[PDB]
file entry25.txt (compact mmCIF, C-alpha atoms and all ligand atoms)
# COMPACT_ATOMS: atom_id res chain seq x y z
CA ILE A 1 -7.61 3.06 -8.34
CA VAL A 2 -9.22 5.67 -10.54
CA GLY A 3 -8.07 5.94 -14.13
CA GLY A 4 -5.83 2.85 -13.98
CA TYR A 5 -5.86 -0.41 -15.98
CA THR A 6 -6.29 -4.12 -15.20
CA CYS A 7 -2.87 -5.36 -14.18
CA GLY A 8 -3.21 -8.93 -15.39
CA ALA A 9 -3.36 -11.96 -13.12
CA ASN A 10 -0.41 -12.21 -10.80
CA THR A 11 1.63 -9.51 -12.54
CA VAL A 12 2.05 -7.66 -9.11
CA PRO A 13 3.20 -10.75 -7.16
CA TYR A 14 4.03 -8.83 -3.89
CA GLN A 15 0.52 -7.33 -3.50
CA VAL A 16 -1.62 -8.63 -0.71
CA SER A 17 -5.24 -8.22 0.36
CA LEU A 18 -5.97 -7.96 4.12
CA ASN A 19 -9.36 -9.58 4.91
CA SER A 20 -11.56 -9.56 8.03
CA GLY A 21 -14.51 -11.24 6.32
CA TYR A 22 -14.14 -8.88 3.35
CA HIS A 23 -11.23 -7.03 1.68
CA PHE A 24 -10.52 -3.87 3.58
CA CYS A 25 -6.85 -2.87 2.85
CA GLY A 26 -3.84 -3.82 0.72
CA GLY A 27 -0.32 -4.60 1.70
CA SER A 28 3.11 -5.72 0.36
CA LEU A 29 4.96 -8.95 1.07
CA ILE A 30 8.58 -8.11 2.17
CA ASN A 31 9.75 -11.70 2.85
CA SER A 32 8.10 -15.13 3.53
CA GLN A 33 6.84 -14.13 7.03
CA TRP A 34 6.31 -10.32 6.98
CA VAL A 35 3.91 -7.80 5.30
CA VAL A 36 3.97 -3.98 5.53
CA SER A 37 0.71 -2.02 5.27
CA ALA A 38 -0.59 1.30 6.62
CA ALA A 39 -1.19 1.71 10.36
CA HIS A 40 -4.66 3.16 9.79
CA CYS A 41 -5.60 -0.24 8.38
CA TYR A 42 -5.00 -1.85 11.79
CA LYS A 43 -7.60 -4.39 12.93
CA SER A 44 -7.41 -7.49 15.07
CA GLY A 45 -8.29 -10.77 13.30
CA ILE A 46 -6.64 -10.22 9.91
CA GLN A 47 -6.20 -12.96 7.30
CA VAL A 48 -3.63 -12.08 4.64
CA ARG A 49 -4.48 -13.33 1.16
CA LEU A 50 -1.50 -13.71 -1.29
CA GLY A 51 -1.60 -14.67 -5.07
CA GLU A 52 -4.87 -12.92 -5.55
CA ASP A 53 -6.28 -11.40 -8.65
CA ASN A 54 -10.16 -11.56 -8.55
CA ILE A 55 -10.78 -11.31 -4.78
CA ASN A 56 -14.27 -12.84 -5.07
CA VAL A 57 -13.31 -16.04 -6.96
CA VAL A 58 -10.76 -18.60 -5.86
CA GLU A 59 -8.76 -19.18 -9.10
CA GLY A 60 -6.16 -21.55 -7.71
CA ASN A 61 -3.02 -19.45 -6.95
CA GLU A 62 -4.04 -18.11 -3.54
CA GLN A 63 -2.64 -18.56 -0.07
CA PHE A 64 -4.68 -17.38 2.96
CA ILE A 65 -2.59 -17.07 6.10
CA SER A 66 -3.64 -15.50 9.40
CA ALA A 67 -1.57 -12.84 11.15
CA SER A 68 0.10 -13.88 14.42
CA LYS A 69 1.02 -10.31 15.36
CA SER A 70 0.67 -6.67 14.15
CA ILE A 71 3.09 -3.85 15.07
CA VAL A 72 1.97 -0.29 14.44
CA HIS A 73 4.83 2.25 14.26
CA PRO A 74 5.57 3.62 17.84
CA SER A 75 5.03 7.22 16.66
CA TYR A 76 1.91 6.72 14.55
CA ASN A 77 -0.50 9.68 14.94
CA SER A 78 -4.02 8.81 13.76
CA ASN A 79 -4.95 12.42 13.58
CA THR A 80 -2.34 13.67 11.12
CA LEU A 81 -1.58 10.15 9.80
CA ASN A 82 2.15 10.88 10.31
CA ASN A 83 4.14 7.56 10.41
CA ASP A 84 1.29 5.64 8.78
CA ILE A 85 2.95 2.23 8.64
CA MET A 86 2.52 -1.20 10.32
CA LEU A 87 4.09 -4.69 10.00
CA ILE A 88 2.15 -7.93 10.10
CA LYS A 89 3.75 -11.31 10.90
CA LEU A 90 2.15 -14.32 9.21
CA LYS A 91 1.34 -17.38 11.27
CA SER A 92 3.15 -19.64 8.76
CA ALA A 93 5.69 -18.69 6.09
CA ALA A 94 4.25 -18.10 2.63
CA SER A 95 5.61 -20.30 -0.22
CA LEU A 96 7.13 -17.84 -2.65
CA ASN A 97 6.83 -18.66 -6.28
CA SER A 98 6.13 -17.00 -9.63
CA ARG A 99 2.78 -15.68 -8.39
CA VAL A 100 3.87 -14.72 -4.88
CA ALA A 101 7.15 -12.82 -4.53
CA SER A 102 8.36 -10.22 -2.02
CA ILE A 103 9.34 -6.64 -2.94
CA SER A 104 12.74 -5.14 -1.99
CA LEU A 105 13.09 -2.27 0.45
CA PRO A 106 14.92 0.80 -0.92
CA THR A 107 18.61 1.74 -0.33
CA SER A 108 17.84 5.50 -0.89
CA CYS A 109 14.70 7.66 -1.37
CA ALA A 110 13.37 8.39 -4.88
CA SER A 111 13.43 11.71 -6.74
CA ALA A 112 10.49 13.82 -7.88
CA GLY A 113 9.86 12.80 -11.44
CA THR A 114 10.47 9.04 -10.84
CA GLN A 115 7.57 6.90 -12.15
CA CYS A 116 6.01 4.30 -9.91
CA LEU A 117 3.38 1.57 -10.10
CA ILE A 118 0.44 1.79 -7.63
CA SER A 119 -2.09 -1.12 -7.42
CA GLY A 120 -5.13 -2.21 -5.42
CA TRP A 121 -8.78 -3.36 -5.23
CA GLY A 122 -10.23 0.00 -4.16
CA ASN A 123 -12.93 2.26 -5.62
CA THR A 124 -12.50 3.17 -9.31
CA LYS A 125 -14.72 6.35 -9.46
CA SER A 126 -13.80 9.96 -8.42
CA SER A 127 -17.44 10.78 -7.87
CA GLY A 128 -19.28 7.50 -7.32
CA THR A 129 -18.62 4.08 -5.93
CA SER A 130 -17.52 1.17 -8.08
CA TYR A 131 -15.36 -1.49 -6.50
CA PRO A 132 -13.66 -3.85 -8.91
CA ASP A 133 -12.91 -7.48 -8.29
CA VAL A 134 -9.60 -7.75 -10.17
CA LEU A 135 -6.46 -5.79 -9.39
CA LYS A 136 -6.03 -2.44 -11.02
CA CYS A 137 -2.69 -0.68 -11.64
CA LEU A 138 -1.83 2.94 -12.21
CA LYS A 139 1.54 4.47 -13.19
CA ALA A 140 2.17 7.89 -11.64
CA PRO A 141 5.15 10.08 -10.88
CA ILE A 142 6.43 11.38 -7.56
CA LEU A 143 5.61 15.09 -7.40
CA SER A 144 7.88 17.79 -6.07
CA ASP A 145 7.37 18.37 -2.36
CA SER A 146 6.46 22.02 -3.23
CA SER A 147 3.35 21.02 -5.11
CA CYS A 148 2.45 18.51 -2.36
CA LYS A 149 2.75 21.07 0.42
CA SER A 150 0.83 23.67 -1.59
CA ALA A 151 -2.12 21.24 -2.11
CA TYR A 152 -2.14 20.43 1.63
CA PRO A 153 -0.73 23.40 3.80
CA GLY A 154 0.39 22.50 7.29
CA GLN A 155 -0.42 18.80 6.73
CA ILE A 156 2.64 17.23 5.03
CA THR A 157 5.56 16.00 7.12
CA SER A 158 8.95 14.62 5.99
CA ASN A 159 7.50 11.14 6.20
CA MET A 160 5.08 11.69 3.37
CA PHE A 161 5.31 12.39 -0.35
CA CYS A 162 2.76 12.97 -3.10
CA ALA A 163 2.38 11.11 -6.38
CA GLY A 164 -0.19 11.46 -9.07
CA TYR A 165 -1.63 14.01 -11.51
CA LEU A 166 -2.44 17.60 -10.40
CA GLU A 167 -4.85 17.76 -13.29
CA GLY A 168 -6.77 14.98 -11.48
CA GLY A 169 -8.16 11.99 -13.31
CA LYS A 170 -5.79 9.29 -12.02
CA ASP A 171 -5.12 8.39 -8.31
CA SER A 172 -5.39 5.68 -5.62
CA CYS A 173 -8.70 5.79 -3.53
CA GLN A 174 -10.19 4.03 -0.51
CA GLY A 175 -9.87 0.29 -0.43
CA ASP A 176 -6.34 0.84 -1.87
CA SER A 177 -4.86 1.95 1.51
CA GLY A 178 -1.85 -0.05 2.82
CA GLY A 179 -0.92 -1.00 -0.76
CA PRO A 180 2.36 -0.54 -2.60
CA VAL A 181 3.98 2.25 -4.60
CA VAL A 182 7.03 0.70 -6.36
CA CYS A 183 9.52 2.81 -8.25
CA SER A 184 12.61 1.29 -9.86
CA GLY A 185 12.12 -2.14 -8.23
CA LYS A 186 11.86 -0.87 -4.66
CA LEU A 187 8.93 -0.25 -2.38
CA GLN A 188 9.00 3.55 -1.85
CA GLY A 189 5.42 4.23 -0.63
CA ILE A 190 2.23 2.97 1.06
CA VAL A 191 -1.25 4.34 0.09
CA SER A 192 -2.22 6.54 3.01
CA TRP A 193 -4.63 9.46 2.34
CA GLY A 194 -5.59 12.29 -0.03
CA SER A 195 -8.67 14.54 -0.48
CA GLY A 196 -11.29 12.55 -2.38
CA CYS A 197 -9.95 10.61 -5.34
CA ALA A 198 -8.69 11.98 -8.63
CA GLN A 199 -9.75 15.58 -7.91
CA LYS A 200 -7.75 18.42 -9.49
CA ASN A 201 -4.92 19.70 -7.31
CA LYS A 202 -5.57 16.98 -4.73
CA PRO A 203 -2.93 14.23 -5.55
CA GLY A 204 -2.55 11.15 -3.32
CA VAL A 205 -0.39 11.17 -0.22
CA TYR A 206 1.93 8.21 0.53
CA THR A 207 4.06 6.98 3.50
CA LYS A 208 7.76 7.50 2.63
CA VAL A 209 9.20 4.04 3.20
CA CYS A 210 12.87 4.99 2.73
CA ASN A 211 12.68 6.74 6.12
CA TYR A 212 11.68 3.45 7.90
CA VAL A 213 14.09 0.76 6.66
CA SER A 214 16.09 0.60 9.93
CA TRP A 215 12.96 0.36 12.10
CA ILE A 216 11.60 -2.35 9.71
CA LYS A 217 14.78 -4.38 9.70
CA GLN A 218 15.25 -4.08 13.43
CA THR A 219 11.64 -4.94 14.24
CA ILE A 220 11.37 -8.09 12.05
CA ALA A 221 14.67 -9.47 13.45
CA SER A 222 13.43 -9.13 17.00
CA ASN A 223 9.99 -10.70 16.42
CA CA A 301 -9.12 -15.23 -5.81
NA NA A 302 -3.74 -1.61 -2.44

call {"tool": "encode", "arguments": {"input": "entry25.txt", "output": "structure tokens"}}
result
Amino acid sequence: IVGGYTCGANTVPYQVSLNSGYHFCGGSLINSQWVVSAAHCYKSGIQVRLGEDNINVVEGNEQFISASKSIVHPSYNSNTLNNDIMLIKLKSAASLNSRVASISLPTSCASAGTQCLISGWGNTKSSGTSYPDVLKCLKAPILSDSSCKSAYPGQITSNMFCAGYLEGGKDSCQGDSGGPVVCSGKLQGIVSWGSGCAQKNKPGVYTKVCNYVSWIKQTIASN
């Protein structure tokens, strides 16, 4: 996250860290046994870490659970990153508590102008590399699709939306992928891609979760 602030320990209780010997992507807990993340974060041998704040120090509120199965969306295109979403089933159910809670799926899609909260353990520099150890947060609005499509011609589909600051300065970055975008108490996006981080006229691009609630609900009930 570039231009964000330190969230505070366990203030984003639905945020998860996917680890394969190191933190490589974020995710969101949707219920005791399922996590949603981006499909481009797919890897075999994932350990989901919940109740995390400093990912390098065990502070006591963490739960490390291995994934029993991963489902990448049937229409995921790794070239355009259209349908960038995947579900992960935990080997055991997580114990939900004050520090570990799930996020609710949306009943409708959000409007341009709505403010959201984006969080993650990714790079914090637009031009440089600085990876933090504690969770960072950033508040950003959803941008009109017109401004999104004008920043990226021919690349935006109906399953994506942009959020951020066209002036640059604030944005999600790599290491934040798969993580949540929550607006009004519902999970509306997943960190997917963008052009660099916090560059002018290059806002972040997110997976539009309101278009996948039926596939999500149907898939977790059958697995
Ligand atoms: Ca920790
Ligand atoms: Na993240």

call {"tool": "closest_residue", "arguments": {"input": "entry25.txt", "among": "A:197, A:7, A:29, A:12", "to": "residue 105 in chain A", "atoms": "all atoms listed in the file"}}
result
A:29

call {"tool": "closest_residue", "arguments": {"input": "entry25.txt", "among": "A:185, A:194, A:120, A:204", "to": "residue 142 in chain A", "atoms": "all atoms listed in the file"}}
result
A:204

call {"tool": "closest_atom_pairs", "arguments": {"input": "entry25.txt", "of": "chain A", "to": "ligand NA 302 (chain A)", "cutoff": "9 Å", "atoms": "all atoms listed in the file", "output": "CSV"}}
result
residue,atom,partner,partner_atom,distance
A:1,CA,A:NA302,NA,8.5
A:15,CA,A:NA302,NA,7.2
A:16,CA,A:NA302,NA,7.5
A:17,CA,A:NA302,NA,7.3
A:25,CA,A:NA302,NA,6.3
A:26,CA,A:NA302,NA,3.9
A:27,CA,A:NA302,NA,6.1
A:28,CA,A:NA302,NA,8.5
A:37,CA,A:NA302,NA,8.9
A:118,CA,A:NA302,NA,7.5
A:119,CA,A:NA302,NA,5.3
A:120,CA,A:NA302,NA,3.3
A:121,CA,A:NA302,NA,6.0
A:122,CA,A:NA302,NA,6.9
A:135,CA,A:NA302,NA,8.6
A:136,CA,A:NA302,NA,8.9
A:172,CA,A:NA302,NA,8.1
A:173,CA,A:NA302,NA,9.0
A:174,CA,A:NA302,NA,8.8
A:175,CA,A:NA302,NA,6.7
A:176,CA,A:NA302,NA,3.6
A:177,CA,A:NA302,NA,5.4
A:178,CA,A:NA302,NA,5.8
A:179,CA,A:NA302,NA,3.3
A:180,CA,A:NA302,NA,6.2
A:181,CA,A:NA302,NA,8.9
A:190,CA,A:NA302,NA,8.3
A:191,CA,A:NA302,NA,6.9

call {"tool": "closest_residue", "arguments": {"input": "entry25.txt", "among": "A:86, A:30, A:58, A:36", "to": "ligand CA 301 (chain A)", "atoms": "all atoms listed in the file"}}
result
A:58

call {"tool": "closest_residue", "arguments": {"input": "entry25.txt", "among": "A:75, A:31, A:157, A:184", "to": "residue 100 in chain A", "atoms": "only C-alpha atoms"}}
result
A:31

call {"tool": "residues_near_ligand", "arguments": {"input": "entry25.txt", "ligand": "ligand CA 301 (chain A)", "cutoff": "8 Å", "atoms": "all atoms listed in the file", "output": "ChimeraX atom specification"}}
result
/A:51-62

call {"tool": "atom_distance", "arguments": {"input": "entry25.txt", "atom1": "CA of residue 98 in chain A", "atom2": "CA of residue 24 in chain A"}}
result
25.0 Å
